[PDB]
$ cat start32.pdb   # PDB, C-alpha atoms
MODEL        1
ATOM      1  CA  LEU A2969      77.124 102.779 113.276  1.00  0.00           C
ATOM      2  CA  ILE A2970      77.607 105.539 110.703  1.00  0.00           C
ATOM      3  CA  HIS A2971      75.875 108.014 113.016  1.00  0.00           C
ATOM      4  CA  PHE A2972      78.087 106.770 115.875  1.00  0.00           C
ATOM      5  CA  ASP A2973      81.410 107.065 114.013  1.00  0.00           C
ATOM      6  CA  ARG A2974      80.373 110.564 112.840  1.00  0.00           C
ATOM      7  CA  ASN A2975      79.669 111.451 116.496  1.00  0.00           C
ATOM      8  CA  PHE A2976      82.793 109.829 117.918  1.00  0.00           C
ATOM      9  CA  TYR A2977      85.332 111.938 116.002  1.00  0.00           C
ATOM     10  CA  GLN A2978      83.088 115.020 116.394  1.00  0.00           C
ATOM     11  CA  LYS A2979      82.980 114.746 120.191  1.00  0.00           C
ATOM     12  CA  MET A2980      86.291 113.074 121.192  1.00  0.00           C
ATOM     13  CA  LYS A2981      89.144 114.125 118.858  1.00  0.00           C
ATOM     14  CA  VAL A2982      90.916 117.491 118.551  1.00  0.00           C
ATOM     15  CA  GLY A2983      93.710 118.358 116.072  1.00  0.00           C
ATOM     16  CA  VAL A2984      92.618 119.462 112.634  1.00  0.00           C
ATOM     17  CA  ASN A2985      90.462 117.087 110.630  1.00  0.00           C
ATOM     18  CA  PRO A2986      93.325 114.753 109.649  1.00  0.00           C
ATOM     19  CA  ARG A2987      91.975 111.314 110.542  1.00  0.00           C
ATOM     20  CA  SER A2988      89.335 108.906 109.093  1.00  0.00           C
ATOM     21  CA  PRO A2989      87.425 105.541 109.121  1.00  0.00           C
ATOM     22  CA  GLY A2990      89.303 102.608 110.479  1.00  0.00           C
ATOM     23  CA  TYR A2991      87.450 101.907 113.729  1.00  0.00           C
ATOM     24  CA  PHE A2992      84.246 101.665 111.700  1.00  0.00           C
ATOM     25  CA  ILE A2993      85.627  98.603 109.874  1.00  0.00           C
ATOM     26  CA  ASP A2994      86.806  96.848 113.057  1.00  0.00           C
ATOM     27  CA  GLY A2995      83.500  97.709 114.747  1.00  0.00           C
ATOM     28  CA  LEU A2996      81.498  95.991 112.021  1.00  0.00           C
ATOM     29  CA  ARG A2997      83.800  92.962 111.980  1.00  0.00           C
ATOM     30  CA  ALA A2998      83.401  92.587 115.751  1.00  0.00           C
ATOM     31  CA  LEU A2999      79.580  92.681 115.597  1.00  0.00           C
ATOM     32  CA  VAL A3000      79.367  89.842 113.040  1.00  0.00           C
ATOM     33  CA  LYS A3001      81.855  87.769 115.124  1.00  0.00           C
ATOM     34  CA  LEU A3002      79.801  88.448 118.276  1.00  0.00           C
ATOM     35  CA  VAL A3003      76.238  87.967 116.930  1.00  0.00           C
ATOM     36  CA  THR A3004      77.245  84.557 115.480  1.00  0.00           C
ATOM     37  CA  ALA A3005      78.769  83.643 118.835  1.00  0.00           C
ATOM     38  CA  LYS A3006      75.597  84.835 120.698  1.00  0.00           C
ATOM     39  CA  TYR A3007      73.102  83.123 118.385  1.00  0.00           C
ATOM     40  CA  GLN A3008      74.985  79.812 118.844  1.00  0.00           C
ATOM     41  CA  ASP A3009      74.786  80.265 122.648  1.00  0.00           C
ATOM     42  CA  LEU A3010      71.119  81.282 122.740  1.00  0.00           C
ATOM     43  CA  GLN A3011      70.185  78.229 120.598  1.00  0.00           C
ATOM     44  CA  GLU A3012      72.309  76.139 123.022  1.00  0.00           C
ATOM     45  CA  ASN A3013      70.377  77.273 126.118  1.00  0.00           C
ATOM     46  CA  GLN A3014      67.101  76.880 124.228  1.00  0.00           C
ATOM     47  CA  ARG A3015      68.164  73.316 123.421  1.00  0.00           C
ATOM     48  CA  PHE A3016      68.951  72.859 127.147  1.00  0.00           C
ATOM     49  CA  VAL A3017      65.358  73.856 128.103  1.00  0.00           C
ATOM     50  CA  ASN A3018      63.797  71.814 125.248  1.00  0.00           C
ATOM     51  CA  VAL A3019      65.549  68.663 126.587  1.00  0.00           C
ATOM     52  CA  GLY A3020      64.184  69.436 130.088  1.00  0.00           C
ATOM     53  CA  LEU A3021      60.677  69.926 128.643  1.00  0.00           C
ATOM     54  CA  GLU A3022      60.669  66.405 127.212  1.00  0.00           C
ATOM     55  CA  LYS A3023      62.059  65.019 130.493  1.00  0.00           C
ATOM     56  CA  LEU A3024      59.205  66.428 132.620  1.00  0.00           C
ATOM     57  CA  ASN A3025      56.474  65.362 130.158  1.00  0.00           C
ATOM     58  CA  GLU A3026      57.778  61.774 130.362  1.00  0.00           C
ATOM     59  CA  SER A3027      57.296  61.788 134.184  1.00  0.00           C
ATOM     60  CA  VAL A3028      53.662  63.089 134.124  1.00  0.00           C
ATOM     61  CA  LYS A3297      55.068  64.564 142.839  1.00  0.00           C
ATOM     62  CA  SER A3298      53.504  67.727 144.316  1.00  0.00           C
ATOM     63  CA  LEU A3299      56.280  70.039 143.075  1.00  0.00           C
ATOM     64  CA  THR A3300      56.743  68.672 139.509  1.00  0.00           C
ATOM     65  CA  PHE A3301      53.744  70.703 138.154  1.00  0.00           C
ATOM     66  CA  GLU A3302      55.622  73.939 139.034  1.00  0.00           C
ATOM     67  CA  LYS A3303      58.567  72.888 136.980  1.00  0.00           C
ATOM     68  CA  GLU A3304      56.285  73.435 134.123  1.00  0.00           C
ATOM     69  CA  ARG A3305      56.265  76.849 135.898  1.00  0.00           C
ATOM     70  CA  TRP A3306      60.052  76.740 135.907  1.00  0.00           C
ATOM     71  CA  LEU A3307      59.411  76.004 132.230  1.00  0.00           C
ATOM     72  CA  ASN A3308      57.998  79.545 131.618  1.00  0.00           C
ATOM     73  CA  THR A3309      61.463  80.784 130.896  1.00  0.00           C
ATOM     74  CA  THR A3310      60.225  79.278 127.596  1.00  0.00           C
ATOM     75  CA  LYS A3311      58.292  82.470 126.865  1.00  0.00           C
ATOM     76  CA  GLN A3312      61.216  84.570 128.193  1.00  0.00           C
ATOM     77  CA  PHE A3313      63.693  83.485 125.497  1.00  0.00           C
ATOM     78  CA  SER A3314      62.075  85.298 122.570  1.00  0.00           C
ATOM     79  CA  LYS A3315      62.266  88.653 124.374  1.00  0.00           C
ATOM     80  CA  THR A3316      65.914  87.959 125.345  1.00  0.00           C
ATOM     81  CA  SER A3317      66.811  87.218 121.703  1.00  0.00           C
ATOM     82  CA  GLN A3318      65.226  90.414 120.365  1.00  0.00           C
ATOM     83  CA  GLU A3319      67.671  92.537 122.336  1.00  0.00           C
ATOM     84  CA  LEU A3320      70.853  90.497 121.537  1.00  0.00           C
ATOM     85  CA  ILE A3321      71.386  92.238 118.173  1.00  0.00           C
ATOM     86  CA  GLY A3322      71.462  95.738 119.698  1.00  0.00           C
ATOM     87  CA  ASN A3323      73.395  94.382 122.710  1.00  0.00           C
ATOM     88  CA  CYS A3324      76.129  93.219 120.383  1.00  0.00           C
ATOM     89  CA  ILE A3325      76.251  96.706 118.839  1.00  0.00           C
ATOM     90  CA  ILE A3326      77.259  98.224 122.243  1.00  0.00           C
ATOM     91  CA  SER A3327      79.688  95.394 122.950  1.00  0.00           C
ATOM     92  CA  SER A3328      81.460  95.876 119.609  1.00  0.00           C
ATOM     93  CA  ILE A3329      81.692  99.610 120.020  1.00  0.00           C
ATOM     94  CA  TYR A3330      83.232  99.147 123.529  1.00  0.00           C
ATOM     95  CA  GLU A3331      85.768  96.697 122.085  1.00  0.00           C
ATOM     96  CA  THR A3332      86.645  99.030 119.254  1.00  0.00           C
ATOM     97  CA  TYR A3333      86.125 102.712 120.171  1.00  0.00           C
ATOM     98  CA  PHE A3334      86.328 102.754 124.004  1.00  0.00           C
ATOM     99  CA  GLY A3335      89.750 101.252 124.752  1.00  0.00           C
ATOM    100  CA  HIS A3336      91.498 104.629 124.905  1.00  0.00           C
ATOM    101  CA  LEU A3337      88.751 106.710 126.542  1.00  0.00           C
ATOM    102  CA  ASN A3338      88.456 108.138 130.128  1.00  0.00           C
ATOM    103  CA  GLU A3339      85.876 106.991 132.743  1.00  0.00           C
ATOM    104  CA  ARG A3340      83.826 110.068 131.926  1.00  0.00           C
ATOM    105  CA  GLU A3341      84.630 109.840 128.183  1.00  0.00           C
ATOM    106  CA  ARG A3342      83.281 106.281 128.031  1.00  0.00           C
ATOM    107  CA  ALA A3343      80.006 106.880 129.858  1.00  0.00           C
ATOM    108  CA  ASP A3344      79.397 110.025 127.803  1.00  0.00           C
ATOM    109  CA  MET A3345      79.718 108.253 124.460  1.00  0.00           C
ATOM    110  CA  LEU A3346      77.619 105.359 125.761  1.00  0.00           C
ATOM    111  CA  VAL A3347      74.735 107.883 126.245  1.00  0.00           C
ATOM    112  CA  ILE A3348      75.003 109.069 122.642  1.00  0.00           C
ATOM    113  CA  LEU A3349      75.099 105.443 121.501  1.00  0.00           C
ATOM    114  CA  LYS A3350      72.121 104.425 123.678  1.00  0.00           C
ATOM    115  CA  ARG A3351      69.971 107.343 122.481  1.00  0.00           C
ATOM    116  CA  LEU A3352      70.905 106.413 118.896  1.00  0.00           C
ATOM    117  CA  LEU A3353      69.790 102.854 119.721  1.00  0.00           C
ATOM    118  CA  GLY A3354      66.649 104.442 121.212  1.00  0.00           C
ATOM    119  CA  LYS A3355      65.613 106.271 118.067  1.00  0.00           C
ATOM    120  CA  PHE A3356      66.280 103.328 115.748  1.00  0.00           C
ATOM    121  CA  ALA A3357      64.079 100.266 115.831  1.00  0.00           C
ATOM    122  CA  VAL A3358      66.464  98.075 117.864  1.00  0.00           C
ATOM    123  CA  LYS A3359      65.853  96.814 121.398  1.00  0.00           C
ATOM    124  CA  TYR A3360      68.620  96.811 123.975  1.00  0.00           C
ATOM    125  CA  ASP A3361      68.938  95.541 127.530  1.00  0.00           C
ATOM    126  CA  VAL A3362      68.055  98.366 129.918  1.00  0.00           C
ATOM    127  CA  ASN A3363      70.184  96.825 132.681  1.00  0.00           C
ATOM    128  CA  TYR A3364      73.362  96.407 130.619  1.00  0.00           C
ATOM    129  CA  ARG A3365      76.918  95.978 131.845  1.00  0.00           C
ATOM    130  CA  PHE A3366      79.818  95.375 129.441  1.00  0.00           C
ATOM    131  CA  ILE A3367      81.823  93.387 131.976  1.00  0.00           C
ATOM    132  CA  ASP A3368      78.975  90.980 132.906  1.00  0.00           C
ATOM    133  CA  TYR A3369      77.917  90.671 129.225  1.00  0.00           C
ATOM    134  CA  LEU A3370      81.130  89.390 127.679  1.00  0.00           C
ATOM    135  CA  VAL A3371      83.181  88.133 130.605  1.00  0.00           C
ATOM    136  CA  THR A3372      82.624  84.746 132.125  1.00  0.00           C
ATOM    137  CA  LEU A3373      82.794  84.543 135.917  1.00  0.00           C
ATOM    138  CA  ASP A3374      85.671  82.049 135.573  1.00  0.00           C
ATOM    139  CA  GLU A3375      87.731  84.560 133.475  1.00  0.00           C
ATOM    140  CA  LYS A3376      86.753  87.466 135.705  1.00  0.00           C
ATOM    141  CA  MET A3377      88.122  85.684 138.771  1.00  0.00           C
ATOM    142  CA  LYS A3378      91.227  84.536 136.875  1.00  0.00           C
ATOM    143  CA  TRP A3379      92.251  88.091 135.870  1.00  0.00           C
TER     144      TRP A3379
ATOM    145  CA  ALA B3539      75.261 102.540 153.126  1.00  0.00           C
ATOM    146  CA  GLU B3540      72.337 100.140 152.734  1.00  0.00           C
ATOM    147  CA  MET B3541      71.922 100.663 148.974  1.00  0.00           C
ATOM    148  CA  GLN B3542      75.637 100.665 148.187  1.00  0.00           C
ATOM    149  CA  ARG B3543      75.878  97.381 150.157  1.00  0.00           C
ATOM    150  CA  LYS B3544      72.987  95.875 148.205  1.00  0.00           C
ATOM    151  CA  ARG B3545      74.355  97.072 144.856  1.00  0.00           C
ATOM    152  CA  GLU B3546      77.343  94.711 144.849  1.00  0.00           C
ATOM    153  CA  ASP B3547      75.344  91.626 145.948  1.00  0.00           C
ATOM    154  CA  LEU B3548      72.536  92.445 143.482  1.00  0.00           C
ATOM    155  CA  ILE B3549      74.698  91.719 140.406  1.00  0.00           C
ATOM    156  CA  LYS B3550      76.683  89.106 142.445  1.00  0.00           C
ATOM    157  CA  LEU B3551      73.592  87.025 143.481  1.00  0.00           C
ATOM    158  CA  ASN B3552      72.190  87.581 139.971  1.00  0.00           C
ATOM    159  CA  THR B3553      75.155  85.661 138.515  1.00  0.00           C
ATOM    160  CA  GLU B3554      75.674  83.360 141.577  1.00  0.00           C
ATOM    161  CA  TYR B3555      72.048  82.114 141.709  1.00  0.00           C
ATOM    162  CA  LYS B3556      72.047  81.742 137.907  1.00  0.00           C
ATOM    163  CA  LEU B3557      75.334  79.785 138.173  1.00  0.00           C
ATOM    164  CA  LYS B3558      73.657  77.720 140.917  1.00  0.00           C
ATOM    165  CA  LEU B3559      70.480  77.459 138.802  1.00  0.00           C
ATOM    166  CA  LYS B3560      72.518  75.981 135.993  1.00  0.00           C
ATOM    167  CA  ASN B3561      74.597  73.996 138.531  1.00  0.00           C
ATOM    168  CA  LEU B3562      71.469  72.432 140.081  1.00  0.00           C
ATOM    169  CA  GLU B3563      69.822  71.804 136.665  1.00  0.00           C
ATOM    170  CA  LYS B3564      72.894  69.740 135.780  1.00  0.00           C
ATOM    171  CA  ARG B3565      72.765  67.881 139.176  1.00  0.00           C
ATOM    172  CA  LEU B3566      69.094  67.084 138.504  1.00  0.00           C
ATOM    173  CA  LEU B3567      69.429  65.807 134.923  1.00  0.00           C
ATOM    174  CA  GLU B3568      72.523  63.699 135.636  1.00  0.00           C
ATOM    175  CA  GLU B3569      70.803  61.850 138.505  1.00  0.00           C
ATOM    176  CA  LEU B3570      67.555  61.504 136.510  1.00  0.00           C
ATOM    177  CA  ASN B3571      69.601  59.529 133.895  1.00  0.00           C
ATOM    178  CA  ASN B3572      71.503  57.502 136.526  1.00  0.00           C
ATOM    179  CA  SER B3573      68.588  56.739 138.868  1.00  0.00           C
ATOM    180  CA  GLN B3574      65.770  56.073 136.329  1.00  0.00           C
ATOM    181  CA  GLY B3575      65.844  52.269 136.705  1.00  0.00           C
ATOM    182  CA  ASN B3576      67.337  52.628 140.194  1.00  0.00           C
ATOM    183  CA  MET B3577      65.566  53.867 143.374  1.00  0.00           C
ATOM    184  CA  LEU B3578      63.789  57.174 144.069  1.00  0.00           C
ATOM    185  CA  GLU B3579      67.088  59.046 144.699  1.00  0.00           C
ATOM    186  CA  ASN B3580      65.982  62.055 142.647  1.00  0.00           C
ATOM    187  CA  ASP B3581      63.818  62.797 145.758  1.00  0.00           C
ATOM    188  CA  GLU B3582      66.991  63.556 147.740  1.00  0.00           C
ATOM    189  CA  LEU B3583      67.752  66.210 145.134  1.00  0.00           C
ATOM    190  CA  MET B3584      64.064  67.215 144.968  1.00  0.00           C
ATOM    191  CA  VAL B3585      64.257  68.457 148.578  1.00  0.00           C
ATOM    192  CA  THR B3586      67.243  70.514 147.338  1.00  0.00           C
ATOM    193  CA  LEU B3587      64.924  71.451 144.426  1.00  0.00           C
ATOM    194  CA  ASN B3588      62.383  72.393 147.115  1.00  0.00           C
ATOM    195  CA  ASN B3589      65.111  74.705 148.429  1.00  0.00           C
ATOM    196  CA  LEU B3590      65.381  75.936 144.806  1.00  0.00           C
ATOM    197  CA  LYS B3591      61.764  77.231 145.061  1.00  0.00           C
ATOM    198  CA  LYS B3592      63.301  79.980 147.222  1.00  0.00           C
ATOM    199  CA  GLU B3593      66.265  80.305 144.803  1.00  0.00           C
ATOM    200  CA  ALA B3594      64.407  80.462 141.472  1.00  0.00           C
ATOM    201  CA  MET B3595      61.937  82.895 143.012  1.00  0.00           C
ATOM    202  CA  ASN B3596      64.702  84.700 144.957  1.00  0.00           C
ATOM    203  CA  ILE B3597      65.757  85.882 141.498  1.00  0.00           C
ATOM    204  CA  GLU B3598      62.200  87.060 140.965  1.00  0.00           C
ATOM    205  CA  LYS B3599      62.325  88.653 144.466  1.00  0.00           C
ATOM    206  CA  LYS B3600      65.519  90.513 143.469  1.00  0.00           C
ATOM    207  CA  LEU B3601      64.322  91.455 139.963  1.00  0.00           C
ATOM    208  CA  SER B3602      61.176  93.038 141.483  1.00  0.00           C
ATOM    209  CA  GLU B3603      63.274  95.216 143.795  1.00  0.00           C
ATOM    210  CA  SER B3604      65.711  95.966 140.934  1.00  0.00           C
ATOM    211  CA  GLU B3605      63.038  97.847 139.013  1.00  0.00           C
ATOM    212  CA  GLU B3606      62.859  99.919 142.190  1.00  0.00           C
ATOM    213  CA  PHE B3607      66.647 100.117 142.954  1.00  0.00           C
ATOM    214  CA  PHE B3608      68.199 101.071 139.576  1.00  0.00           C
ATOM    215  CA  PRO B3609      66.169 104.239 138.915  1.00  0.00           C
ATOM    216  CA  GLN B3610      67.004 105.348 142.552  1.00  0.00           C
ATOM    217  CA  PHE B3611      70.711 104.661 141.979  1.00  0.00           C
ATOM    218  CA  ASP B3612      70.684 106.692 138.751  1.00  0.00           C
ATOM    219  CA  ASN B3613      68.970 109.511 140.618  1.00  0.00           C
ATOM    220  CA  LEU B3614      71.779 109.491 143.205  1.00  0.00           C
ATOM    221  CA  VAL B3615      74.482 109.698 140.554  1.00  0.00           C
ATOM    222  CA  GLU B3616      73.512 113.253 139.626  1.00  0.00           C
ATOM    223  CA  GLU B3617      73.879 114.929 143.049  1.00  0.00           C
TER     224      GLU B3617
ENDMDL
END

$ encode --input "start32.pdb" --output "C-alpha cells"
Amino acid sequence: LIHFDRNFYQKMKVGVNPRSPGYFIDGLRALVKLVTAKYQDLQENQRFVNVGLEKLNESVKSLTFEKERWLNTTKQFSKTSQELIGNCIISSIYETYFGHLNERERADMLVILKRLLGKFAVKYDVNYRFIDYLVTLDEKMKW
Amino acid sequence: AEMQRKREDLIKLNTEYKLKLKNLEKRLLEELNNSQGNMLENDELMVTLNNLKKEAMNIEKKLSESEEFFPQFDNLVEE
C-alpha cells in the first residue's frame, strides 16, 4: 500500500509536489471493512456446504455418491480464501484511488498494483473483475 | 466474432449457473426437509439434479476452455 501510494502520485499527478496522504488512510479503512465482510461470507458458504455434508451422510440412489463429488468444493474453499486478502487490496484501491481515473489510467495503475502483489507474498485471483467481485447481480441489474 | 460472442456469455453463464447452482441447492434442501417423512418426492428434483450433472460440470467445461480463452484474449488486446 505504501509502495502503491508512492507510485500513484508519481505516475498520475502533475503540478508541483503540493499534495499528500489522504487516499492512503481511506484505502486502509476500506480494506478492513471489506476483509471482515468477506470472511463473514466465506464462513457462511462453508457453513452451507458443512450442512449439506451432514445431510448426505445421513442418507447413506445411483447419483448420491457423486454428490460427495459435488462435495469436493470442500477442498476448493481453502485456495479461494488464500486469495481473498489480496483481492480485497485491489477492491479497496479501486474504491479509493480509481474513481477519478481514465479507462487507460485505471488499467495502467492496475498493472503496477498487480505486479506489486506479484512480488509480495500475497495471492490474488488471476481472473479478477472489480464489477463481478463487489456487485451483486441483483444490484447490477437494478442500476 | 466467435470469441467476442463467447466472452460475454462466459462471465454471464459463470454467474448464471452459479446462481442456478445455489438456486437448485436451496430447492433440494427445502424439499429434503419437507418430504423426509413424506413420499420419495426428492426424486422429482433428483432428475433435475441429474440435469445438474451437465450444469455443475458445464462450469468445469467452461473453466477448462477459460484457461485457453483468457490468454488468447489478452494476446488480441495488444494488436

$ closest_atom_pairs --input "start32.pdb" --of "chain A" --to "chain B" --cutoff "10 Å" --atoms "only C-alpha atoms" --output "JSON lines"
{"residue": "A:3016", "atom": "CA", "partner": "B:3563", "partner_atom": "CA", "distance": 9.6}
{"residue": "A:3017", "atom": "CA", "partner": "B:3563", "partner_atom": "CA", "distance": 9.9}
{"residue": "A:3019", "atom": "CA", "partner": "B:3567", "partner_atom": "CA", "distance": 9.6}
{"residue": "A:3020", "atom": "CA", "partner": "B:3567", "partner_atom": "CA", "distance": 8.0}
{"residue": "A:3023", "atom": "CA", "partner": "B:3567", "partner_atom": "CA", "distance": 8.6}
{"residue": "A:3297", "atom": "CA", "partner": "B:3581", "partner_atom": "CA", "distance": 9.4}
{"residue": "A:3299", "atom": "CA", "partner": "B:3588", "partner_atom": "CA", "distance": 7.7}
{"residue": "A:3300", "atom": "CA", "partner": "B:3584", "partner_atom": "CA", "distance": 9.2}
{"residue": "A:3302", "atom": "CA", "partner": "B:3591", "partner_atom": "CA", "distance": 9.2}
{"residue": "A:3303", "atom": "CA", "partner": "B:3591", "partner_atom": "CA", "distance": 9.7}
{"residue": "A:3306", "atom": "CA", "partner": "B:3594", "partner_atom": "CA", "distance": 8.0}
{"residue": "A:3363", "atom": "CA", "partner": "B:3608", "partner_atom": "CA", "distance": 8.3}
{"residue": "A:3365", "atom": "CA", "partner": "B:3549", "partner_atom": "CA", "distance": 9.8}
{"residue": "A:3368", "atom": "CA", "partner": "B:3553", "partner_atom": "CA", "distance": 8.6}
{"residue": "A:3372", "atom": "CA", "partner": "B:3553", "partner_atom": "CA", "distance": 9.9}
{"residue": "A:3373", "atom": "CA", "partner": "B:3553", "partner_atom": "CA", "distance": 8.1}

$ residues_around --input "start32.pdb" --residues "residue 3003 of chain A" --least-positions-apart "4" --cutoff "8 Å" --atoms "all atoms listed in the file" --output "JSON, numbers by chain"
{"A": [2999, 3007, 3320, 3321, 3324]}

$ residues_around --input "start32.pdb" --residues "residue 2979 of chain A" --least-positions-apart "6" --cutoff "12 Å" --atoms "all atoms listed in the file" --output "list in words"
residues 2972, 2973, 3337, 3341, 3342, 3344, 3345 and 3348 of chain A

$ atom_distance --input "start32.pdb" --atom1 "atom CA of residue 3310 of chain A" --atom2 "atom CA of residue 3597 of chain B"
16.4 Å

$ residues_near_point --input "start32.pdb" --point "(81.1, 98.3, 112.8)" --cutoff "12 Å" --atoms "all atoms listed in the file" --output "count of residues only"
29

$ atom_distance --input "start32.pdb" --atom1 "atom CA of residue 3356 of chain A" --atom2 "atom CA of residue 3314 of chain A"
19.7 Å

$ atom_distance --input "start32.pdb" --atom1 "atom CA of residue 3350 of chain A" --atom2 "atom CA of residue 3319 of chain A"
12.8 Å

$ residues_around --input "start32.pdb" --residues "residue 3542 of chain B" --least-positions-apart "3" --cutoff "12 Å" --atoms "all atoms listed in the file" --output "ChimeraX atom specification"
/B:3539,3545-3549,3607-3608,3610-3611,3614-3615

$ closest_residue --input "start32.pdb" --among "B:3612, B:3559, B:3578, B:3543" --to "residue 3592 of chain B" --atoms "only C-alpha atoms"
B:3559

$ axis_aligned_box --input "start32.pdb" --around "segment 3570-3582 of chain B" --padding-each-side "8 Å" --output "AutoDock Vina command-line options"
--center_x 67.6 --center_y 57.9 --center_z 140.8 --size_x 23.7 --size_y 27.3 --size_z 29.8

$ resolve_selection --input "start32.pdb" --expression "the PyMOL selection byres ((chain A and resi 3360) around 6)" --output "list in words"
residues 3319, 3322, 3323, 3359 and 3361 of chain A

$ closest_residue --input "start32.pdb" --among "A:2983, A:3351, A:3010, A:2988" --to "residue 3312 of chain A" --atoms "all atoms listed in the file"
A:3010

$ build_atoms --input "start32.pdb" --residues "segment 3316-3332 of chain A" --atoms "N, CA and C atoms" --output "PDB file, in the coordinates of the input"
ATOM      1  N   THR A3316      64.461  87.921 125.114  1.00  0.00           N
ATOM      2  CA  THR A3316      65.914  87.959 125.345  1.00  0.00           C
ATOM      3  C   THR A3316      66.704  87.978 124.021  1.00  0.00           C
ATOM      4  N   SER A3317      66.204  87.250 123.027  1.00  0.00           N
ATOM      5  CA  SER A3317      66.811  87.218 121.703  1.00  0.00           C
ATOM      6  C   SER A3317      66.601  88.511 120.913  1.00  0.00           C
ATOM      7  N   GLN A3318      65.513  89.224 121.172  1.00  0.00           N
ATOM      8  CA  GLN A3318      65.226  90.414 120.365  1.00  0.00           C
ATOM      9  C   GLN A3318      66.146  91.588 120.689  1.00  0.00           C
ATOM     10  N   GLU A3319      66.707  91.543 121.895  1.00  0.00           N
ATOM     11  CA  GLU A3319      67.671  92.537 122.336  1.00  0.00           C
ATOM     12  C   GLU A3319      69.149  92.197 122.045  1.00  0.00           C
ATOM     13  N   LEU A3320      69.463  90.929 121.769  1.00  0.00           N
ATOM     14  CA  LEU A3320      70.853  90.497 121.537  1.00  0.00           C
ATOM     15  C   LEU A3320      71.553  91.113 120.313  1.00  0.00           C
ATOM     16  N   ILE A3321      70.786  91.551 119.319  1.00  0.00           N
ATOM     17  CA  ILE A3321      71.386  92.238 118.173  1.00  0.00           C
ATOM     18  C   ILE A3321      71.901  93.640 118.536  1.00  0.00           C
ATOM     19  N   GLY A3322      71.056  94.430 119.192  1.00  0.00           N
ATOM     20  CA  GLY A3322      71.462  95.738 119.698  1.00  0.00           C
ATOM     21  C   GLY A3322      72.452  95.699 120.858  1.00  0.00           C
ATOM     22  N   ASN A3323      72.436  94.603 121.621  1.00  0.00           N
ATOM     23  CA  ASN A3323      73.395  94.382 122.710  1.00  0.00           C
ATOM     24  C   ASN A3323      74.802  94.150 122.193  1.00  0.00           C
ATOM     25  N   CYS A3324      74.872  93.450 121.066  1.00  0.00           N
ATOM     26  CA  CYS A3324      76.129  93.219 120.383  1.00  0.00           C
ATOM     27  C   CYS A3324      76.711  94.482 119.763  1.00  0.00           C
ATOM     28  N   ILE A3325      75.843  95.384 119.318  1.00  0.00           N
ATOM     29  CA  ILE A3325      76.251  96.706 118.839  1.00  0.00           C
ATOM     30  C   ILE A3325      77.072  97.490 119.884  1.00  0.00           C
ATOM     31  N   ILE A3326      76.588  97.518 121.127  1.00  0.00           N
ATOM     32  CA  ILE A3326      77.259  98.224 122.243  1.00  0.00           C
ATOM     33  C   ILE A3326      78.574  97.539 122.619  1.00  0.00           C
ATOM     34  N   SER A3327      78.527  96.210 122.645  1.00  0.00           N
ATOM     35  CA  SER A3327      79.688  95.394 122.950  1.00  0.00           C
ATOM     36  C   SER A3327      80.813  95.614 121.944  1.00  0.00           C
ATOM     37  N   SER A3328      80.465  95.676 120.658  1.00  0.00           N
ATOM     38  CA  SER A3328      81.460  95.876 119.609  1.00  0.00           C
ATOM     39  C   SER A3328      82.040  97.266 119.631  1.00  0.00           C
ATOM     40  N   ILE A3329      81.196  98.256 119.845  1.00  0.00           N
ATOM     41  CA  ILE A3329      81.692  99.610 120.020  1.00  0.00           C
ATOM     42  C   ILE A3329      82.628  99.783 121.236  1.00  0.00           C
ATOM     43  N   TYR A3330      82.326  99.127 122.361  1.00  0.00           N
ATOM     44  CA  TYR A3330      83.232  99.147 123.529  1.00  0.00           C
ATOM     45  C   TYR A3330      84.592  98.546 123.212  1.00  0.00           C
ATOM     46  N   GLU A3331      84.567  97.420 122.492  1.00  0.00           N
ATOM     47  CA  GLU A3331      85.768  96.697 122.085  1.00  0.00           C
ATOM     48  C   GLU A3331      86.628  97.523 121.144  1.00  0.00           C
ATOM     49  N   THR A3332      85.968  98.296 120.294  1.00  0.00           N
ATOM     50  CA  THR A3332      86.645  99.030 119.254  1.00  0.00           C
ATOM     51  C   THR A3332      86.983 100.461 119.696  1.00  0.00           C
TER      52      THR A3332
END
